[PDB]
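Structure below is final.txt: compact mmCIF, N, CA and C atoms and all ligand atoms.
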```
# COMPACT_ATOMS: atom_id res chain seq x y z
N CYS A 56 78.22 -0.04 63.40
CA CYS A 56 79.41 -0.25 62.54
C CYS A 56 79.50 -1.73 62.14
N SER A 57 80.58 -2.15 61.48
CA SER A 57 80.76 -3.56 61.05
C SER A 57 80.73 -4.46 62.30
N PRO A 58 80.08 -5.63 62.24
CA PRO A 58 79.90 -6.50 63.43
C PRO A 58 81.14 -7.28 63.88
N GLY A 59 82.21 -7.28 63.09
CA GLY A 59 83.45 -7.96 63.45
C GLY A 59 84.50 -7.08 64.06
N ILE A 60 84.18 -5.82 64.36
CA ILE A 60 85.16 -4.84 64.83
C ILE A 60 85.15 -4.78 66.35
N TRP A 61 86.34 -4.87 66.93
CA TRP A 61 86.51 -4.82 68.37
C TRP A 61 87.58 -3.77 68.63
N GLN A 62 87.49 -3.11 69.76
CA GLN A 62 88.56 -2.28 70.28
C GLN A 62 89.10 -2.92 71.56
N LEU A 63 90.43 -2.93 71.70
CA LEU A 63 91.12 -3.47 72.85
C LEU A 63 92.05 -2.43 73.43
N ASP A 64 91.96 -2.17 74.73
CA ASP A 64 92.84 -1.21 75.45
C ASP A 64 93.22 -1.80 76.81
N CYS A 65 94.28 -1.33 77.45
CA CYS A 65 94.68 -1.77 78.82
C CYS A 65 94.58 -0.53 79.70
N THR A 66 93.80 -0.62 80.77
CA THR A 66 93.68 0.52 81.75
C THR A 66 94.38 0.13 83.05
N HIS A 67 94.49 1.03 84.01
CA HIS A 67 95.18 0.81 85.28
C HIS A 67 94.33 1.20 86.46
N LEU A 68 94.39 0.38 87.51
CA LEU A 68 93.63 0.62 88.73
C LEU A 68 94.23 -0.23 89.84
N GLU A 69 94.53 0.39 90.99
CA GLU A 69 95.07 -0.26 92.18
C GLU A 69 96.35 -1.03 91.90
N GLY A 70 97.16 -0.50 90.98
CA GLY A 70 98.42 -1.12 90.64
C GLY A 70 98.30 -2.36 89.79
N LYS A 71 97.13 -2.61 89.20
CA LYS A 71 96.90 -3.78 88.35
C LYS A 71 96.48 -3.31 86.96
N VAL A 72 96.42 -4.24 86.01
CA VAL A 72 96.10 -3.90 84.63
C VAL A 72 94.81 -4.56 84.25
N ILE A 73 93.88 -3.77 83.69
CA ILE A 73 92.62 -4.28 83.16
C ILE A 73 92.65 -4.15 81.66
N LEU A 74 92.43 -5.27 80.97
CA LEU A 74 92.35 -5.30 79.52
C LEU A 74 90.86 -5.28 79.17
N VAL A 75 90.46 -4.33 78.35
CA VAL A 75 89.06 -4.06 78.05
C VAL A 75 88.88 -4.21 76.56
N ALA A 76 88.00 -5.13 76.16
CA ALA A 76 87.58 -5.29 74.77
C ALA A 76 86.15 -4.78 74.62
N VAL A 77 85.93 -3.91 73.66
CA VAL A 77 84.61 -3.37 73.37
C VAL A 77 84.23 -3.77 71.96
N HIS A 78 83.07 -4.41 71.82
CA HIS A 78 82.43 -4.65 70.53
C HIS A 78 81.83 -3.31 70.07
N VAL A 79 82.45 -2.73 69.04
CA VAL A 79 82.18 -1.32 68.73
C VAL A 79 80.71 -1.12 68.40
N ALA A 80 80.16 -1.95 67.51
CA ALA A 80 78.78 -1.70 67.06
C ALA A 80 77.80 -1.70 68.23
N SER A 81 78.06 -2.49 69.27
CA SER A 81 77.06 -2.68 70.32
C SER A 81 77.38 -1.98 71.64
N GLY A 82 78.65 -1.68 71.93
CA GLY A 82 79.04 -1.32 73.29
C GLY A 82 79.21 -2.47 74.27
N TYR A 83 79.08 -3.72 73.82
CA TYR A 83 79.30 -4.85 74.70
C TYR A 83 80.77 -4.96 75.07
N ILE A 84 81.02 -5.29 76.34
CA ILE A 84 82.36 -5.30 76.90
C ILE A 84 82.73 -6.70 77.38
N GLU A 85 84.02 -7.05 77.26
CA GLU A 85 84.59 -8.29 77.86
C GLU A 85 85.90 -7.81 78.50
N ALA A 86 86.10 -7.89 79.80
CA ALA A 86 87.31 -7.34 80.46
C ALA A 86 87.97 -8.42 81.32
N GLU A 87 89.25 -8.26 81.65
CA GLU A 87 89.99 -9.23 82.51
C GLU A 87 91.14 -8.52 83.23
N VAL A 88 91.41 -8.82 84.50
CA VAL A 88 92.60 -8.28 85.21
C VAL A 88 93.77 -9.17 84.81
N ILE A 89 94.87 -8.59 84.30
CA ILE A 89 96.06 -9.35 83.82
C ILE A 89 97.25 -9.02 84.73
N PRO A 90 98.23 -9.94 84.90
CA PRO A 90 99.34 -9.71 85.82
C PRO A 90 100.17 -8.52 85.32
N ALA A 91 100.42 -8.41 84.02
CA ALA A 91 101.25 -7.32 83.45
C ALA A 91 100.84 -6.98 82.00
N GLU A 92 101.06 -5.74 81.54
CA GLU A 92 100.75 -5.32 80.15
C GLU A 92 101.80 -5.99 79.25
N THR A 93 101.71 -7.30 79.01
CA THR A 93 102.69 -8.06 78.19
C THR A 93 102.01 -8.53 76.91
N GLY A 94 102.79 -8.78 75.86
CA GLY A 94 102.24 -9.29 74.59
C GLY A 94 101.73 -10.71 74.77
N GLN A 95 102.25 -11.47 75.74
CA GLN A 95 101.72 -12.80 75.96
C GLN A 95 100.29 -12.71 76.45
N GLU A 96 100.02 -11.75 77.33
CA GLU A 96 98.67 -11.61 77.89
C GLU A 96 97.68 -11.13 76.83
N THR A 97 98.08 -10.14 76.02
CA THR A 97 97.25 -9.65 74.93
C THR A 97 96.95 -10.77 73.95
N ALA A 98 97.94 -11.60 73.64
CA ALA A 98 97.80 -12.68 72.66
C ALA A 98 96.81 -13.72 73.16
N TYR A 99 96.95 -14.08 74.44
CA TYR A 99 96.05 -15.04 75.05
C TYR A 99 94.63 -14.51 75.09
N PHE A 100 94.46 -13.26 75.51
CA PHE A 100 93.12 -12.62 75.59
C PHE A 100 92.49 -12.66 74.20
N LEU A 101 93.24 -12.36 73.14
CA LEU A 101 92.71 -12.32 71.75
C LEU A 101 92.29 -13.74 71.30
N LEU A 102 93.01 -14.79 71.70
CA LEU A 102 92.64 -16.20 71.36
C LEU A 102 91.30 -16.53 72.03
N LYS A 103 91.15 -16.17 73.30
CA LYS A 103 89.90 -16.43 74.07
C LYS A 103 88.76 -15.65 73.40
N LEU A 104 88.93 -14.37 73.17
CA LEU A 104 87.89 -13.54 72.59
C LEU A 104 87.42 -14.12 71.26
N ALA A 105 88.37 -14.44 70.39
CA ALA A 105 88.04 -14.93 69.06
C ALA A 105 87.37 -16.31 69.05
N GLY A 106 87.52 -17.08 70.11
CA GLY A 106 86.81 -18.34 70.15
C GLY A 106 85.36 -18.23 70.51
N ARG A 107 84.96 -17.09 71.04
CA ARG A 107 83.65 -16.80 71.59
C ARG A 107 82.83 -15.91 70.69
N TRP A 108 83.45 -14.99 69.94
CA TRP A 108 82.81 -14.10 69.02
C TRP A 108 83.54 -14.12 67.68
N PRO A 109 82.83 -13.78 66.58
CA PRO A 109 83.45 -13.71 65.27
C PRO A 109 84.30 -12.43 65.17
N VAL A 110 85.55 -12.45 65.67
CA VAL A 110 86.42 -11.27 65.62
C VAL A 110 87.09 -11.18 64.25
N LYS A 111 86.78 -10.13 63.52
CA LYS A 111 87.37 -9.90 62.20
C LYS A 111 88.54 -8.92 62.28
N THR A 112 88.28 -7.73 62.83
CA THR A 112 89.30 -6.70 62.92
C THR A 112 89.34 -6.15 64.36
N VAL A 113 90.55 -5.78 64.80
CA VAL A 113 90.75 -5.22 66.14
C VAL A 113 91.43 -3.87 66.05
N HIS A 114 90.88 -2.87 66.74
CA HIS A 114 91.47 -1.51 66.81
C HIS A 114 91.99 -1.33 68.22
N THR A 115 92.85 -0.37 68.45
CA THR A 115 93.38 -0.02 69.76
C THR A 115 93.75 1.44 69.73
N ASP A 116 93.83 2.02 70.92
CA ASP A 116 94.32 3.38 71.04
C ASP A 116 95.83 3.45 71.27
N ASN A 117 96.52 2.32 71.40
CA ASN A 117 97.97 2.32 71.57
C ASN A 117 98.49 1.28 70.58
N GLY A 118 98.85 1.74 69.35
CA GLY A 118 99.23 0.80 68.30
C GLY A 118 100.42 -0.08 68.66
N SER A 119 101.37 0.45 69.46
CA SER A 119 102.47 -0.39 69.94
C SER A 119 102.00 -1.61 70.74
N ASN A 120 100.73 -1.65 71.18
CA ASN A 120 100.22 -2.84 71.87
C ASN A 120 100.36 -4.09 71.01
N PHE A 121 100.33 -3.93 69.68
CA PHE A 121 100.15 -5.01 68.72
C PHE A 121 101.44 -5.36 67.98
N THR A 122 102.62 -4.95 68.51
CA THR A 122 103.86 -5.14 67.77
C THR A 122 104.56 -6.46 68.09
N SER A 123 104.22 -7.11 69.20
CA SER A 123 104.96 -8.31 69.58
C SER A 123 104.69 -9.46 68.62
N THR A 124 105.69 -10.30 68.46
CA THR A 124 105.51 -11.46 67.60
C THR A 124 104.37 -12.33 68.10
N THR A 125 104.15 -12.37 69.41
CA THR A 125 103.17 -13.30 69.94
C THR A 125 101.76 -12.82 69.64
N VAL A 126 101.48 -11.49 69.80
CA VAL A 126 100.18 -10.97 69.39
C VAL A 126 99.94 -11.24 67.90
N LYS A 127 100.95 -11.01 67.06
CA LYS A 127 100.77 -11.26 65.63
C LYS A 127 100.50 -12.74 65.35
N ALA A 128 101.13 -13.63 66.12
CA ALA A 128 100.85 -15.05 65.95
C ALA A 128 99.40 -15.36 66.28
N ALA A 129 98.87 -14.77 67.38
CA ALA A 129 97.48 -15.00 67.75
C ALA A 129 96.51 -14.49 66.69
N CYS A 130 96.78 -13.30 66.15
CA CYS A 130 95.93 -12.74 65.10
C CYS A 130 96.05 -13.55 63.82
N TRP A 131 97.28 -13.95 63.47
CA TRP A 131 97.45 -14.83 62.32
C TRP A 131 96.60 -16.09 62.46
N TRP A 132 96.73 -16.77 63.60
CA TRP A 132 96.06 -18.07 63.75
C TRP A 132 94.54 -17.94 63.74
N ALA A 133 94.01 -16.90 64.40
CA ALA A 133 92.57 -16.73 64.52
C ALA A 133 91.94 -16.04 63.32
N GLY A 134 92.76 -15.64 62.34
CA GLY A 134 92.26 -14.84 61.23
C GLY A 134 91.82 -13.44 61.59
N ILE A 135 92.61 -12.74 62.40
CA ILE A 135 92.30 -11.36 62.77
C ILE A 135 93.20 -10.40 62.01
N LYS A 136 92.64 -9.25 61.64
CA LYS A 136 93.38 -8.16 60.99
C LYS A 136 93.24 -6.89 61.82
N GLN A 137 94.03 -5.88 61.48
CA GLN A 137 93.91 -4.55 62.10
C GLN A 137 93.23 -3.52 61.19
N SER A 153 86.51 6.71 77.78
CA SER A 153 85.15 6.73 77.16
C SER A 153 84.36 5.53 77.69
N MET A 154 84.47 4.35 77.07
CA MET A 154 83.84 3.12 77.61
C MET A 154 84.74 2.71 78.77
N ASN A 155 85.94 3.27 78.83
CA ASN A 155 86.91 2.85 79.88
C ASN A 155 86.65 3.63 81.17
N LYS A 156 85.94 4.77 81.11
CA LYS A 156 85.62 5.59 82.31
C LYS A 156 84.19 5.29 82.77
N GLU A 157 83.35 4.73 81.90
CA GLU A 157 82.01 4.26 82.32
C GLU A 157 82.26 2.95 83.07
N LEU A 158 83.26 2.17 82.66
CA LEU A 158 83.63 0.95 83.36
C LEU A 158 84.32 1.25 84.68
N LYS A 159 85.25 2.23 84.71
CA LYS A 159 85.82 2.62 86.00
C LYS A 159 84.76 3.21 86.92
N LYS A 160 83.74 3.87 86.35
CA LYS A 160 82.64 4.37 87.16
C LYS A 160 81.90 3.22 87.83
N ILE A 161 81.53 2.19 87.07
CA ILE A 161 80.76 1.12 87.67
C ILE A 161 81.61 0.33 88.67
N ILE A 162 82.90 0.14 88.36
CA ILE A 162 83.79 -0.56 89.27
C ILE A 162 83.80 0.13 90.63
N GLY A 163 83.99 1.47 90.63
CA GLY A 163 83.98 2.20 91.89
C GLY A 163 82.72 1.99 92.72
N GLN A 164 81.57 1.92 92.05
CA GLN A 164 80.31 1.73 92.79
C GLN A 164 80.23 0.37 93.48
N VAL A 165 80.75 -0.68 92.85
CA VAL A 165 80.68 -2.02 93.44
C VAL A 165 81.95 -2.42 94.16
N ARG A 166 82.99 -1.56 94.18
CA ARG A 166 84.30 -2.00 94.69
C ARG A 166 84.23 -2.52 96.13
N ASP A 167 83.45 -1.87 96.99
CA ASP A 167 83.42 -2.29 98.39
C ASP A 167 82.75 -3.63 98.57
N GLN A 168 82.05 -4.13 97.56
CA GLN A 168 81.29 -5.38 97.65
C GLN A 168 82.10 -6.61 97.27
N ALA A 169 83.37 -6.42 96.92
CA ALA A 169 84.26 -7.52 96.55
C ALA A 169 85.63 -7.26 97.19
N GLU A 170 86.29 -8.36 97.62
CA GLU A 170 87.67 -8.28 98.07
C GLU A 170 88.60 -7.97 96.90
N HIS A 171 88.57 -8.82 95.86
CA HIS A 171 89.53 -8.69 94.76
C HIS A 171 89.03 -7.76 93.67
N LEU A 172 89.96 -6.97 93.13
CA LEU A 172 89.61 -6.10 92.01
C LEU A 172 89.05 -6.89 90.83
N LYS A 173 89.60 -8.08 90.59
CA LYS A 173 89.19 -8.92 89.43
C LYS A 173 87.69 -9.20 89.59
N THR A 174 87.25 -9.47 90.81
CA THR A 174 85.83 -9.71 91.06
C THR A 174 85.00 -8.45 90.78
N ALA A 175 85.46 -7.30 91.26
CA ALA A 175 84.71 -6.07 91.02
C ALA A 175 84.67 -5.76 89.55
N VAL A 176 85.73 -6.10 88.82
CA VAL A 176 85.72 -5.92 87.36
C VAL A 176 84.62 -6.77 86.73
N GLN A 177 84.57 -8.05 87.06
CA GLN A 177 83.54 -8.87 86.41
C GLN A 177 82.14 -8.46 86.84
N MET A 178 81.96 -8.00 88.07
CA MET A 178 80.66 -7.44 88.42
C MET A 178 80.34 -6.22 87.53
N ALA A 179 81.30 -5.34 87.34
CA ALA A 179 81.06 -4.15 86.54
C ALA A 179 80.73 -4.50 85.07
N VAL A 180 81.41 -5.49 84.50
CA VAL A 180 81.10 -5.96 83.16
C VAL A 180 79.67 -6.45 83.10
N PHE A 181 79.29 -7.31 84.05
CA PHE A 181 77.89 -7.74 84.16
C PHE A 181 76.94 -6.55 84.16
N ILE A 182 77.16 -5.58 85.05
CA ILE A 182 76.22 -4.48 85.17
C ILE A 182 76.16 -3.72 83.85
N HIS A 183 77.34 -3.44 83.27
CA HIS A 183 77.37 -2.70 82.01
C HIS A 183 76.57 -3.40 80.93
N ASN A 184 76.82 -4.72 80.74
CA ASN A 184 76.29 -5.43 79.58
C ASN A 184 74.79 -5.64 79.64
N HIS A 185 74.21 -5.71 80.84
CA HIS A 185 72.78 -5.90 81.01
C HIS A 185 72.00 -4.61 81.28
N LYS A 186 72.66 -3.46 81.41
CA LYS A 186 71.96 -2.21 81.64
C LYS A 186 71.20 -1.77 80.38
N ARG A 187 70.04 -1.15 80.59
CA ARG A 187 69.29 -0.54 79.48
C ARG A 187 69.22 0.96 79.58
N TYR A 194 67.32 -1.52 74.42
CA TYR A 194 67.98 -2.83 74.64
C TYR A 194 69.31 -2.65 75.39
N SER A 195 69.89 -3.72 75.94
CA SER A 195 71.20 -3.68 76.58
C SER A 195 72.29 -4.01 75.56
N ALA A 196 73.53 -3.69 75.92
CA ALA A 196 74.66 -4.10 75.07
C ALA A 196 74.67 -5.62 74.83
N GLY A 197 74.43 -6.41 75.88
CA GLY A 197 74.34 -7.87 75.72
C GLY A 197 73.30 -8.29 74.69
N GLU A 198 72.13 -7.64 74.70
CA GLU A 198 71.11 -7.97 73.73
C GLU A 198 71.49 -7.48 72.34
N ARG A 199 72.12 -6.30 72.25
CA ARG A 199 72.47 -5.78 70.93
C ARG A 199 73.52 -6.63 70.24
N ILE A 200 74.55 -7.10 70.97
CA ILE A 200 75.61 -7.85 70.31
C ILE A 200 75.07 -9.16 69.72
N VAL A 201 74.14 -9.82 70.41
CA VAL A 201 73.63 -11.08 69.85
C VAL A 201 72.71 -10.79 68.65
N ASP A 202 71.86 -9.77 68.76
CA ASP A 202 71.04 -9.34 67.61
C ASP A 202 71.90 -8.97 66.40
N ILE A 203 72.92 -8.14 66.62
CA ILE A 203 73.77 -7.69 65.51
C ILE A 203 74.46 -8.87 64.84
N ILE A 204 74.90 -9.86 65.63
CA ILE A 204 75.69 -10.95 65.08
C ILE A 204 74.79 -12.00 64.43
N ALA A 205 73.66 -12.31 65.06
CA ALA A 205 72.70 -13.24 64.45
C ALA A 205 72.18 -12.69 63.12
N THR A 206 71.77 -11.43 63.13
CA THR A 206 71.29 -10.80 61.91
C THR A 206 72.32 -10.92 60.80
N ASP A 207 73.60 -10.76 61.13
CA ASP A 207 74.65 -10.82 60.12
C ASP A 207 74.73 -12.21 59.49
N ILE A 208 74.55 -13.24 60.30
CA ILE A 208 74.68 -14.62 59.83
C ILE A 208 73.66 -14.96 58.72
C1 LIG B 301 87.39 -13.82 97.69
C2 LIG B 301 85.80 -14.02 97.92
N1 LIG B 301 85.35 -14.72 99.02
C3 LIG B 301 83.97 -14.93 99.25
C4 LIG B 301 82.97 -14.46 98.35
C5 LIG B 301 81.63 -14.84 98.92
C6 LIG B 301 81.96 -15.60 100.15
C7 LIG B 301 80.86 -16.29 101.17
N2 LIG B 301 83.34 -15.65 100.30
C8 LIG B 301 84.12 -16.30 101.48
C9 LIG B 301 84.00 -15.18 102.67
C10 LIG B 301 84.43 -13.76 102.59
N3 LIG B 301 84.14 -13.17 103.81
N4 LIG B 301 83.56 -14.13 104.65
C11 LIG B 301 83.10 -13.86 106.11
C12 LIG B 301 83.45 -15.36 104.02
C13 LIG B 301 83.41 -13.71 97.17
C14 LIG B 301 82.34 -13.17 96.15
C15 LIG B 301 81.45 -14.09 95.51
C16 LIG B 301 80.47 -13.60 94.58
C17 LIG B 301 80.41 -12.20 94.39
CL1 LIG B 301 79.18 -11.50 93.28
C18 LIG B 301 81.31 -11.24 95.03
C19 LIG B 301 82.28 -11.75 95.93
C20 LIG B 301 84.82 -13.50 96.95
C21 LIG B 301 85.27 -12.73 95.70
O1 LIG B 301 86.29 -13.49 95.17
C22 LIG B 301 85.93 -14.67 94.27
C23 LIG B 301 84.71 -14.31 93.28
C24 LIG B 301 85.57 -15.97 95.15
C25 LIG B 301 87.26 -14.91 93.44
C26 LIG B 301 85.77 -11.45 96.09
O2 LIG B 301 86.77 -11.00 95.46
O3 LIG B 301 85.20 -10.77 97.03
```
Kindly return the structure encoded in the file as structure tokens.
Amino acid sequence: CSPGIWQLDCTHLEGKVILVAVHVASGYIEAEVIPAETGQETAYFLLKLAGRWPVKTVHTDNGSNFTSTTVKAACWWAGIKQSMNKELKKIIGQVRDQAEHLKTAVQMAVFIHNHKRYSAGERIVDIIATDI
């Protein structure tokens, strides 16, 4: 699909919130454990994401995620416009006993996902370089 398209969703595990961004064309994932499903957290995550990748458009499965003034401010400033979550919960479960904190097991799972086999990590850089 278009190389600027991302999907963002918030999942739940162990009483905490995981925000999951998927680069649609590639399957590459960037995830983070957040204190609460708040618009401040979504806005901050979108500023970080957009500084690292050319984010053009963002989709979500919960449109109310994007209603806060603060999320709209982040999209305004960065020039943003408007399944993989169970493959990620699968990998998290496999490595969970190897980390104390869930946040650590999440980043391990992102690592495993992105480098598994090309890999999602390799596809996203190919797709984006080719576009340039
Ligand atoms: C809380 C913690 N303490 C750790 C490690 C490793 C070590 C020696 N210590 C100190 C320790 C634990 N027990 N003893 C007998 C000593 C780790 C860790 C580092 C790299 C990976 Cl890949 C996975 C875990 C984490 C990890 O947290 C971090 C990533 C630091 C926020 C986690 O959440 O487990």
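With all atoms listed in the file as the atoms that count, the residue of A:88, A:73, A:161, A:169 with the shortest distance to ligand LIG 301 (chain B) is A:169.
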- Counting only C-alpha atoms and all ligand atoms, what residues are within 8 Å of ligand LIG 301 (chain B), given as number ranges by chain? A: 168-175, 178
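Taking atom CA of residue 207 of chain A as the reference point, atom CA of residue 56 of chain A is found at 11.8 Å.
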- Message: Between atom CA of residue 208 of chain A and atom CA of residue 133 of chain A, what distance in Å does the model show, to one decimal?
- Response: 18.6 Å
- Tell me, which residues of chain A carry DSSP helix (DSSP H, G or I), written as a PyMOL selection string? chain A and resi 94-107+118-121+124-133+154-168+172-185+196-207
- Task: Return the single residue from A:82, A:100, A:202, A:57 that is closest to residue 154 of chain A, with distances computed using all atoms listed in the file.
- Result: A:82
